[PDB]
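Structure data (mmCIF, C-alpha atoms and all ligand atoms) from protein_4.cif:
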data_target
#
loop_
_atom_site.label_atom_id
_atom_site.label_comp_id
_atom_site.auth_asym_id
_atom_site.auth_seq_id
_atom_site.Cartn_x
_atom_site.Cartn_y
_atom_site.Cartn_z
CA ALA A 1 -185.88 -174.23 -46.52
CA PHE A 2 -188.91 -172.21 -47.59
CA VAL A 3 -188.02 -169.74 -50.37
CA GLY A 4 -190.65 -167.13 -51.35
CA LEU A 5 -191.58 -166.55 -55.02
CA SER A 6 -191.38 -163.06 -56.64
CA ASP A 7 -194.52 -161.26 -57.93
CA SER A 8 -193.46 -162.23 -61.47
CA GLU A 9 -192.89 -165.92 -60.40
CA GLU A 10 -196.33 -165.98 -58.80
CA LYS A 11 -197.81 -164.87 -62.13
CA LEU A 12 -195.82 -167.63 -63.89
CA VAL A 13 -197.21 -170.27 -61.53
CA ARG A 14 -200.79 -169.06 -61.92
CA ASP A 15 -200.38 -169.16 -65.69
CA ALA A 16 -198.72 -172.62 -65.63
CA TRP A 17 -201.70 -173.94 -63.58
CA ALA A 18 -204.53 -172.17 -65.50
CA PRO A 19 -205.31 -175.12 -67.90
CA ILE A 20 -205.61 -177.44 -64.90
CA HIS A 21 -207.55 -174.86 -62.85
CA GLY A 22 -210.09 -174.70 -65.71
CA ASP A 23 -210.55 -178.46 -65.85
CA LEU A 24 -209.66 -179.44 -62.29
CA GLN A 25 -211.63 -182.59 -61.65
CA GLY A 26 -211.05 -183.95 -65.22
CA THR A 27 -207.28 -183.41 -64.96
CA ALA A 28 -207.28 -184.91 -61.41
CA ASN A 29 -209.00 -188.11 -62.71
CA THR A 30 -206.46 -188.57 -65.47
CA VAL A 31 -203.35 -187.70 -63.47
CA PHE A 32 -204.39 -189.87 -60.49
CA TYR A 33 -205.09 -192.80 -62.84
CA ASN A 34 -201.74 -192.42 -64.57
CA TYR A 35 -199.99 -192.23 -61.20
CA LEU A 36 -201.60 -195.43 -59.87
CA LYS A 37 -201.00 -197.24 -63.14
CA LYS A 38 -197.32 -196.27 -63.40
CA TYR A 39 -196.67 -196.89 -59.68
CA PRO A 40 -198.93 -199.88 -58.78
CA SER A 41 -197.81 -200.20 -55.15
CA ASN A 42 -199.73 -197.03 -54.20
CA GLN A 43 -203.33 -198.20 -54.77
CA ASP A 44 -203.15 -200.29 -51.58
CA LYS A 45 -202.53 -197.14 -49.50
CA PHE A 46 -206.11 -196.06 -50.32
CA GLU A 47 -208.38 -198.29 -48.24
CA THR A 48 -211.41 -197.39 -50.34
CA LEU A 49 -209.57 -198.59 -53.48
CA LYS A 50 -207.62 -201.51 -52.00
CA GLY A 51 -208.20 -205.00 -53.36
CA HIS A 52 -209.76 -204.16 -56.73
CA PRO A 53 -208.37 -203.80 -60.27
CA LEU A 54 -207.37 -200.20 -61.07
CA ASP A 55 -209.58 -200.26 -64.22
CA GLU A 56 -212.51 -201.40 -62.09
CA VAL A 57 -212.18 -198.46 -59.63
CA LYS A 58 -211.20 -195.68 -62.04
CA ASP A 59 -214.75 -194.60 -62.91
CA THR A 60 -216.11 -194.84 -59.34
CA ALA A 61 -217.08 -192.08 -56.91
CA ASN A 62 -214.49 -193.02 -54.30
CA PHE A 63 -211.69 -192.78 -56.89
CA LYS A 64 -212.83 -189.39 -58.20
CA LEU A 65 -213.15 -188.04 -54.64
CA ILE A 66 -209.50 -188.98 -53.87
CA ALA A 67 -208.19 -187.53 -57.19
CA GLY A 68 -210.31 -184.38 -56.59
CA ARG A 69 -209.05 -183.74 -53.04
CA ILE A 70 -205.35 -183.95 -54.07
CA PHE A 71 -205.98 -181.47 -56.88
CA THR A 72 -208.11 -179.21 -54.72
CA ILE A 73 -205.14 -178.83 -52.35
CA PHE A 74 -202.75 -177.90 -55.17
CA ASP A 75 -205.42 -175.51 -56.63
CA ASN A 76 -205.59 -173.82 -53.16
CA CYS A 77 -201.77 -173.71 -52.89
CA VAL A 78 -201.73 -171.91 -56.24
CA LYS A 79 -204.46 -169.56 -54.93
CA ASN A 80 -202.19 -168.76 -52.02
CA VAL A 81 -198.89 -168.67 -53.92
CA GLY A 82 -198.42 -164.93 -53.07
CA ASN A 83 -199.03 -165.52 -49.32
CA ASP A 84 -196.45 -167.72 -47.71
CA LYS A 85 -198.43 -168.09 -44.41
CA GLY A 86 -201.65 -168.89 -46.32
CA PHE A 87 -199.77 -171.35 -48.52
CA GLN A 88 -198.16 -173.04 -45.50
CA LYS A 89 -201.59 -173.21 -43.77
CA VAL A 90 -203.23 -175.07 -46.69
CA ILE A 91 -200.43 -177.64 -46.43
CA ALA A 92 -200.38 -177.71 -42.60
CA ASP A 93 -204.07 -178.63 -42.53
CA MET A 94 -203.84 -181.42 -45.13
CA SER A 95 -200.63 -182.84 -43.52
CA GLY A 96 -202.23 -184.23 -40.32
CA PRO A 97 -204.13 -187.03 -42.10
CA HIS A 98 -200.78 -188.27 -43.73
CA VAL A 99 -198.56 -188.16 -40.59
CA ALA A 100 -199.52 -191.61 -39.26
CA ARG A 101 -199.63 -193.19 -42.76
CA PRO A 102 -197.06 -195.62 -44.23
CA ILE A 103 -196.32 -193.52 -47.27
CA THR A 104 -192.75 -193.01 -48.48
CA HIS A 105 -191.23 -189.76 -49.77
CA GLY A 106 -190.73 -191.74 -53.00
CA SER A 107 -194.51 -192.14 -53.39
CA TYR A 108 -195.23 -188.43 -52.86
CA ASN A 109 -192.36 -187.44 -55.17
CA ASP A 110 -193.54 -189.87 -57.88
CA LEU A 111 -196.92 -188.08 -57.78
CA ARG A 112 -195.20 -184.67 -58.08
CA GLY A 113 -193.45 -185.96 -61.24
CA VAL A 114 -196.64 -187.30 -62.85
CA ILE A 115 -198.11 -183.81 -62.32
CA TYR A 116 -194.98 -182.16 -63.75
CA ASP A 117 -194.93 -184.36 -66.84
CA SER A 118 -198.63 -183.72 -67.48
CA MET A 119 -198.11 -179.88 -67.54
CA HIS A 120 -195.45 -179.83 -70.31
CA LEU A 121 -194.09 -176.52 -69.04
CA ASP A 122 -191.33 -174.42 -70.71
CA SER A 123 -188.24 -173.87 -68.55
CA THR A 124 -189.26 -170.39 -67.34
CA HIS A 125 -192.67 -171.57 -66.12
CA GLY A 126 -191.10 -174.86 -64.92
CA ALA A 127 -188.58 -172.99 -62.78
CA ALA A 128 -191.36 -171.03 -61.03
CA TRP A 129 -193.53 -174.15 -60.63
CA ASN A 130 -190.63 -176.04 -59.09
CA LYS A 131 -189.98 -173.19 -56.63
CA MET A 132 -193.58 -173.61 -55.49
CA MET A 133 -193.48 -177.40 -55.32
CA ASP A 134 -190.14 -177.28 -53.49
CA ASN A 135 -191.90 -175.04 -50.92
CA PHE A 136 -194.87 -177.44 -50.92
CA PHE A 137 -192.62 -180.39 -50.05
CA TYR A 138 -190.50 -178.46 -47.58
CA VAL A 139 -193.64 -177.57 -45.55
CA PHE A 140 -195.31 -180.99 -46.00
CA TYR A 141 -192.24 -182.98 -44.92
CA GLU A 142 -191.56 -180.62 -41.96
CA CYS A 143 -195.18 -181.32 -40.93
CA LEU A 144 -194.80 -185.11 -41.47
CA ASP A 145 -191.68 -184.92 -39.23
CA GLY A 146 -193.75 -183.21 -36.43
CA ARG A 147 -192.40 -179.69 -37.03
CA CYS A 148 -195.66 -178.27 -38.40
CA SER A 149 -196.32 -175.55 -35.83
CA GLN A 150 -193.25 -173.47 -37.04
CA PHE A 151 -195.55 -172.23 -39.84
CA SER A 152 -198.30 -171.12 -37.46
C1 LIG A 201 -198.71 -184.86 -52.31
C2 LIG A 201 -199.91 -184.41 -52.68
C3 LIG A 201 -201.13 -184.86 -51.86
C4 LIG A 201 -202.18 -184.09 -51.52
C5 LIG A 201 -202.46 -182.65 -51.99
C6 LIG A 201 -203.11 -184.92 -50.74
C7 LIG A 201 -204.31 -184.51 -50.19
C8 LIG A 201 -205.12 -185.23 -49.35
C9 LIG A 201 -206.38 -184.77 -48.78
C10 LIG A 201 -207.01 -183.37 -49.01
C11 LIG A 201 -206.87 -185.76 -48.01
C12 LIG A 201 -208.25 -185.77 -47.27
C13 LIG A 201 -208.27 -185.82 -45.79
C14 LIG A 201 -208.85 -187.16 -45.36
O1 LIG A 201 -210.06 -187.48 -45.57
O2 LIG A 201 -208.07 -187.94 -44.80
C15 LIG A 201 -205.93 -186.88 -48.08
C16 LIG A 201 -206.03 -188.11 -47.44
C17 LIG A 201 -205.28 -189.23 -47.68
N1 LIG A 201 -204.25 -189.35 -48.62
FE1 LIG A 201 -203.35 -187.75 -49.56
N2 LIG A 201 -202.57 -186.19 -50.69
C18 LIG A 201 -201.36 -186.21 -51.35
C19 LIG A 201 -200.55 -187.32 -51.54
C20 LIG A 201 -200.87 -188.61 -51.18
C21 LIG A 201 -200.23 -189.84 -51.65
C22 LIG A 201 -199.05 -189.85 -52.66
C23 LIG A 201 -200.83 -190.90 -51.03
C24 LIG A 201 -200.56 -192.43 -51.13
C25 LIG A 201 -199.59 -192.96 -51.89
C26 LIG A 201 -201.87 -190.35 -50.18
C27 LIG A 201 -202.72 -191.11 -49.41
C28 LIG A 201 -203.77 -190.67 -48.65
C29 LIG A 201 -204.58 -191.44 -47.80
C30 LIG A 201 -204.46 -193.05 -47.55
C31 LIG A 201 -205.55 -190.52 -47.11
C32 LIG A 201 -206.57 -190.82 -45.98
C33 LIG A 201 -207.85 -190.83 -46.39
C34 LIG A 201 -207.87 -192.12 -47.15
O3 LIG A 201 -207.88 -193.21 -46.48
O4 LIG A 201 -207.84 -192.02 -48.40
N3 LIG A 201 -201.86 -188.96 -50.28
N4 LIG A 201 -204.90 -186.52 -48.92
CL CL A 202 -194.82 -198.89 -57.46
CL CL A 203 -204.81 -203.55 -61.29
CL CL A 204 -204.84 -188.39 -51.36
CL CL A 205 -201.70 -161.90 -49.87
CL CL A 206 -195.29 -173.12 -70.29
#

Before we go any further, please render this structure as structure tokens.
Amino acid sequence: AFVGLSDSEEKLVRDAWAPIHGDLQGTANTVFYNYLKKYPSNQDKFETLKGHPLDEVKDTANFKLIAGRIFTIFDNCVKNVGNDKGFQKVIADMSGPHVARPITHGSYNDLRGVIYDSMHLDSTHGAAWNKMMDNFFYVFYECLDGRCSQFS
């Protein structure tokens, strides 16, 4: 279920994200690369990347666009962390493009974990971050299951 964050938890999330917020595209490029490398089945899901070596596509425009758009969504979720409707809306809007797609929960969760590992958070900040991401996934998966308009 969706579980709101306190004012203090919101602050924790914003602080946890600040290093990424301040280097958003550069972090996105690295994290997205590490994700595709560690979990090689996922590159094929990206039609613009499909059929080429990872190391061939990593410094291309299409690759950086994809990495950037994932991170832009999380940056906006963080923006909206103190507004559950606003937060849900960011997710609602990005969910439609995924609904029809053959992407497993495993794949999305593997990406969440690459992000987590990259942030090297202490347990206090990690707890708050995971509250947010649990909300993120709750909303996203409700929307993938065709129960998106409950957030409207
Ligand atoms: C969970 C965090 C994710 C976020 C924030 C996110 C965000 C986005 C955004 C903003 C778009 C652009 C809308 C469009 O042009 O279609 C998009 C499209 C898409 N995403 Fe995601 N995404 C996530 C996870 C994933 C994962 C894990 C995969 C594949 C393993 C994936 C595969 C795709 C594909 C195939 C498209 C369609 C456009 C395209 O062909 O690339 N997404 N995503
Ligand atoms: Cl894999
Ligand atoms: Cl490869
Ligand atoms: Cl994506
Ligand atoms: Cl607000
Ligand atoms: Cl920390």

Could you list, as a CSV table (one decimal) with C-alpha atoms, in the frame of the given file, all the residues within 7 Å of ligand LIG 201 (chain A), counting only C-alpha atoms and all ligand atoms?
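File result.csv, as written:
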chain,number,residue,atom,x,y,z
A,42,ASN,CA,-199.7,-197.0,-54.2
A,45,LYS,CA,-202.5,-197.1,-49.5
A,46,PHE,CA,-206.1,-196.1,-50.3
A,47,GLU,CA,-208.4,-198.3,-48.2
A,48,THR,CA,-211.4,-197.4,-50.3
A,66,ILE,CA,-209.5,-189.0,-53.9
A,69,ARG,CA,-209.0,-183.7,-53.0
A,70,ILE,CA,-205.4,-184.0,-54.1
A,71,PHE,CA,-206.0,-181.5,-56.9
A,73,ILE,CA,-205.1,-178.8,-52.4
A,74,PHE,CA,-202.8,-177.9,-55.2
A,94,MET,CA,-203.8,-181.4,-45.1
A,97,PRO,CA,-204.1,-187.0,-42.1
A,98,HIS,CA,-200.8,-188.3,-43.7
A,101,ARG,CA,-199.6,-193.2,-42.8
A,103,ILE,CA,-196.3,-193.5,-47.3
A,107,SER,CA,-194.5,-192.1,-53.4
A,108,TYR,CA,-195.2,-188.4,-52.9
A,111,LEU,CA,-196.9,-188.1,-57.8
A,112,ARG,CA,-195.2,-184.7,-58.1

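Using only C-alpha atoms, the nearest neighbour of residue 89 in chain A within the list A:43, A:123, A:72, A:149 is A:149.
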
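Near residue 30 in chain A, within a cut-off of 10 Å and counting all atoms listed in the file, sit the residues residues 25, 26, 27, 33, 34, 35, 58, 64, 67 and 118 of chain A, with same-chain residues fewer than 3 positions away left out.
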
Where does chain A meet ligand CL 203 (chain A) within 10 Å, residue by residue, with the nearest atom pair and distance in Å to one decimal for each, counting all atoms listed in the file, listed by chain and rising number, as JSON lines?
{"residue": "A:36", "atom": "CA", "partner": "A:CL203", "partner_atom": "CL", "distance": 8.8}
{"residue": "A:37", "atom": "CA", "partner": "A:CL203", "partner_atom": "CL", "distance": 7.6}
{"residue": "A:40", "atom": "CA", "partner": "A:CL203", "partner_atom": "CL", "distance": 7.4}
{"residue": "A:41", "atom": "CA", "partner": "A:CL203", "partner_atom": "CL", "distance": 9.9}
{"residue": "A:43", "atom": "CA", "partner": "A:CL203", "partner_atom": "CL", "distance": 8.6}
{"residue": "A:50", "atom": "CA", "partner": "A:CL203", "partner_atom": "CL", "distance": 9.9}
{"residue": "A:51", "atom": "CA", "partner": "A:CL203", "partner_atom": "CL", "distance": 8.7}
{"residue": "A:52", "atom": "CA", "partner": "A:CL203", "partner_atom": "CL", "distance": 6.8}
{"residue": "A:53", "atom": "CA", "partner": "A:CL203", "partner_atom": "CL", "distance": 3.7}
{"residue": "A:54", "atom": "CA", "partner": "A:CL203", "partner_atom": "CL", "distance": 4.2}
{"residue": "A:55", "atom": "CA", "partner": "A:CL203", "partner_atom": "CL", "distance": 6.5}
{"residue": "A:56", "atom": "CA", "partner": "A:CL203", "partner_atom": "CL", "distance": 8.0}
{"residue": "A:57", "atom": "CA", "partner": "A:CL203", "partner_atom": "CL", "distance": 9.1}

Cut-off 12 Å, all atoms listed in the file, neighbours of ligand CL 206 (chain A) as a list in words: residues 11, 12, 13, 14, 15, 16, 17, 18, 19, 116, 117, 118, 119, 120, 121, 122, 123, 124, 125, 126, 127, 128 and 129 of chain A

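Here CA of residue 61 in chain A stands at a distance of 10.7 Å from CA of residue 29 in chain A.
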
To check your reading of the model: which residues sit at most 12 Å from ligand CL 205 (chain A) when counting all atoms listed in the file? Write the answer as a VMD selection string. chain A and resid 7 10 78 to 87

Dump as a PDB file, in the coordinates of the input, selection limited to C-alpha atoms:
ATOM      1  CA  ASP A   7    -194.520-161.260 -57.930  1.00  0.00           C
ATOM      2  CA  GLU A  10    -196.330-165.980 -58.800  1.00  0.00           C
ATOM      3  CA  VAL A  78    -201.730-171.910 -56.240  1.00  0.00           C
ATOM      4  CA  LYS A  79    -204.460-169.560 -54.930  1.00  0.00           C
ATOM      5  CA  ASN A  80    -202.190-168.760 -52.020  1.00  0.00           C
ATOM      6  CA  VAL A  81    -198.890-168.670 -53.920  1.00  0.00           C
ATOM      7  CA  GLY A  82    -198.420-164.930 -53.070  1.00  0.00           C
ATOM      8  CA  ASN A  83    -199.030-165.520 -49.320  1.00  0.00           C
ATOM      9  CA  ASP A  84    -196.450-167.720 -47.710  1.00  0.00           C
ATOM     10  CA  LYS A  85    -198.430-168.090 -44.410  1.00  0.00           C
ATOM     11  CA  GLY A  86    -201.650-168.890 -46.320  1.00  0.00           C
ATOM     12  CA  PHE A  87    -199.770-171.350 -48.520  1.00  0.00           C
TER      13      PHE A  87
END

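Using all atoms listed in the file, the nearest neighbour of ligand CL 204 (chain A) within the list A:115, A:143, A:68, A:6 is A:68.
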
Distance criterion (only C-alpha atoms): nearest to residue 136 in chain A out of A:152, A:8, A:95, A:62: A:95

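Taking CA of residue 130 in chain A and CA of residue 5 in chain A as the two end points, the separation is 10.4 Å.
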
With distances taken over all atoms listed in the file, which residue among A:63, A:138, A:2, A:151 lies nearest residue 93 in chain A? A:151
